[PDB]
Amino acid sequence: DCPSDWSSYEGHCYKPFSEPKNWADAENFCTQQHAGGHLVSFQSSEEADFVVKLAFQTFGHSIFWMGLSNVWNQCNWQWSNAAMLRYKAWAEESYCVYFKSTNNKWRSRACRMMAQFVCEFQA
């Protein structure tokens, strides 16, 4: 039986927060709300279905951080002419994953930006 402020599903506990934070802060905050806590992770479509609903029922339409960060930083970025990648002029340093409370689609947002979020931990 998850803490009074949380919701249970498949042996796990989930809880959506209204305090706006960038990705890193959100993840760190989750590790402080209960042992083994982290930003919500969607290992299956069923889990995502639960979380999206929980999130929308609680705060309605909004955007919530998911446990994925720096998603393209270590990708194989290459120039089409095969020139070596040295000089750089990125508008943003990194992108993180989040979801809009209306559906379980995965979306990207600059990690430095703000959003609400959902924490999770294994009971």
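We call the rigid core the largest set of C-alpha positions that still match within 1.5 Å between the two forms. Residue positions are given as counts along the sequence shown, with the first one as 1.
- Structural divergence in 5 other deposited structures of this protein between 82 to 90 and 47 to 55: following superposition by the core, 82 to 90 has C-alpha atoms lying farther from the shown form.
- Farther on average from this form in 5 other deposited structures of this protein lies stretch 1 to 9, the comparison being between 1 to 9 and 113 to 121 by RMS Cα distance after core superposition.
- Just going by the entry, 18 to 26 versus 104 to 112 on mean CA temperature factor gives the higher value to 18 to 26.
- Relative to its counterpart among 93 to 101 and 75 to 83, 75 to 83 has the higher mean temperature factor, C-alpha atoms as listed in the PDB entry.
- Among all modelled residues in its chain, residue 48 ranks in the middle third by Cα B-factor.
- When the modelled residues of the chain are ordered by C-alpha B-factor, residue 67 sits in the lowest third.
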